[PDB]
2 protein chains.
Amino acid sequence: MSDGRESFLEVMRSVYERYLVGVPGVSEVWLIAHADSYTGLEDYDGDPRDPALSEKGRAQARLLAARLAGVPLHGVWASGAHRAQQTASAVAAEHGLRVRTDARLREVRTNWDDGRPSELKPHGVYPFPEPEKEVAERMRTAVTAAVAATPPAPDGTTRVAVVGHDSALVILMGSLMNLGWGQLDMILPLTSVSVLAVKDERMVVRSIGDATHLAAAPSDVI
Amino acid sequence: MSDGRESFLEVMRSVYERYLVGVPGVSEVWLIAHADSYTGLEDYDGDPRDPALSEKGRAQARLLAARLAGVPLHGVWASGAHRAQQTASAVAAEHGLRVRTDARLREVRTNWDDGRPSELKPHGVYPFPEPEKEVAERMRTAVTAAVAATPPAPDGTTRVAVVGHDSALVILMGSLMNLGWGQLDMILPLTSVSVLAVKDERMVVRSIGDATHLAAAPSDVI
Ligand SMILES: Cc1cc2nc3c(=O)[nH]c(=O)nc-3n(C[C@H](O)[C@H](O)[C@H](O)CO)c2cc1C
Ligand SMILES: Cc1cc2nc3c(=O)[nH]c(=O)nc-3n(C[C@H](O)[C@H](O)[C@H](O)CO)c2cc1C
C-alpha cells in the first residue's frame, strides 16, 4: 500500500513514457536489413553493385517473411536496390501490401560504389566516402516520410516495415542515440529486424539487430 | 571480374569475423528480461519487491515460450527472483531442462530496496545505489559462468538462456561495448530477447531488446 510500491510504479511509468511506451499515437517502424546477395558474387554476371538475392538470401527472406506473417503491418518500404526490393517483396506478399520505394533508403556510398578498392579500417574509423551525418539525415527523413505516407491503422499500433541496408541502418540507430560511428559497436545481420517507436518527429530505438528467425536454420542459410 | 568486388568481399568477411558472424565455434547467450509483475502491483497481497508474474506477465511468458519452443536451448539460468524463475520455467520445460539459479543475475539494487522513494533522474543520470561498475562485473561473471556451465551441443550453435532483469541487462550490454550508463540509451521490454555471441573470452553484443513476439497479442499484453 504505502510501502514504496506507488513511487516505484509512478517513476517506472515516467521512464517508460520517455521511450514512448504507454504513450498514445505511437507508430512502430520495423527496420529490416536486406537478405544475402553476396554469396556467389565473385562469379556473378549481372550488375555486381546491384545484385539480386543469392540462393541463401532467398532462404533467409522466406524465414523472415514467415516470422512477420502474423505481425499486423500497414506498409512495406524499400530502397531502390534489387536486394532490398526482393526482401521487401517476400515480406509484403504475406500481408496484401505493395512494396513502396524510397531511393533515400539506399546504402551508404562505399569505396566499391566509387570504383575504388575496399580497405579494412581499424575499429571506430569511419570507412565510407559519404559522411555519417548525411547518411543519418537521409535515413531519418526517409523513415519519418514513410510514416507520414502511412494512414494511421484503425486498430492498435500502426506498423511500417522498412527494408534497407545494414550500414545505413546502424548509422541511423546510433545517431538517434547521439552516438557516432563505432560507439554503438554492432553489425546488423542480414534479414535482422530492429524496431523504432515514432511519434510526430521523435524517433526512439526500441530493439536492434534481431535475426532470431535464423536460429534453427542450417549453416548454409546463416 | 577483378573489378573491385574481390576486395569488397574480403573486407566484408573480415568485418563479419570481427563480430563473430559466420565464425565456427561461437556460442550464444539469450538474455531475457523477465515478464510483467507490475500490472496490478498496487493491490498485490504478497511481497511487492519479489512478486509473482501478473496475469499480463503470464500471457507474455506464454508468447515468449512459444517463440523459443523451436529454438534449440542447452541451458536455462535465472536470478532467484520469483518473476525471473516463473518466466524461465515456461521456457525450460519445453526444452527438457531444469531452471538453474544464479543470484549474481539479480536486479541492480534500487532506492526502493534502500528505503528511499524512487526518484526520476534526468536522462544520463545513474539512478541506482549499486554502482554501474559493480553491476557490470557481476553480470559478466554470471554470464561467463552460464556459458562455461553449458556443454557444447553436437548440432548447430550452443545456446544458453539467461532470464534476468532489464536494468542489469542493459548495464551488461553497455559495458560490453565500453559504454557508460545513458550512452546505450534504451530500456529493454519485459520478455525481450537480447543475444550475445561468445567465443573464447570474447563477448559480442549481437542483438538487443527484441519483444516482437508481443506484436500480435492484444493491447493489454504490452
Ligand atoms: C561495424 C562495421 C564496420 C565496417 N567496416 C568496413 C571497412 O573497414 N571497410 C569497408 O569497406 N566496409 C566496412 N563496412 C561495411 C561492411 O564491410 C559490408 O560492406 C556491409 O556491412 C555488408 O552489407 C563495415 C560495416 C560495419 C557495420
Ligand atoms: C534507461 C533507463 C532509465 C531509468 N531511469 C530510472 C530512474 O530515473 N529512477 C528509477 O527509479 N528507475 C529508473 N530505471 C529503472 C526503471 O524505472 C524500472 O524500475 C525498471 O526498468 C523496471 O524493471 C531506469 C531504467 C532504464 C533502463
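One-based numbering, in listed order, for ligands and for the atoms of each. Lettering of chains follows the sequences in order, A, B, ..., and the numbering in each one begins at 1. What you see below is based on every heavy atom in this structure, not just the backbone, and it leaves out hydrogens, waters and symmetry mates.
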Visitor: Indicate yes or no: does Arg106(A) engage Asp113(A) in a salt bridge with an N to O separation below 4.0 Å.
Guide: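 Salt bridge absent between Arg106(A) and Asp113(A).
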
Visitor: Could you name the protein residues that come within less than 4.0 Å of ligand 1, counting only heavy atoms, and order them by chain and residue number?
Guide: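 Within 4.0 Å of ligand 1, the protein residues are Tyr38(A), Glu119(A), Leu120(A), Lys121(A), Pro127(A), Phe128(A), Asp166(A), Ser167(A), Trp181(A), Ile187(A), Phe8(B), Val11(B), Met12(B), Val15(B), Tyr19(B).
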
Visitor: Quick test of your reading of the model: are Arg104(A) and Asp102(A) salt-bridged, counting only N-O distances below 4.0 Å?
Guide: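 No.
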
Visitor: Are the charged groups of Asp114(B) and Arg116(B) less than 4.0 angstrom apart, N to O?
Guide: yes

Visitor: Salt bridge between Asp200(A) and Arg202(A), side-chain N to carboxylate O under 4.0 Å?
Guide: no

Visitor: Enumerate the residue pairs fulfilling side chain to side chain donor-acceptor pair (under 3.5 Å) with a member in residues 7-19 of chain A, sequence neighbours excluded, ordered by first and then second residue.
Guide: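 The answer is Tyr19(A)-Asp185(B).
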
Visitor: Could you tell me whether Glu130(A) and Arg138(A) make a salt bridge, using a distance below 4.0 angstrom between a side-chain N and a carboxylate O?
Guide: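 Yes, charged N to carboxylate O under 4.0 Å.
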
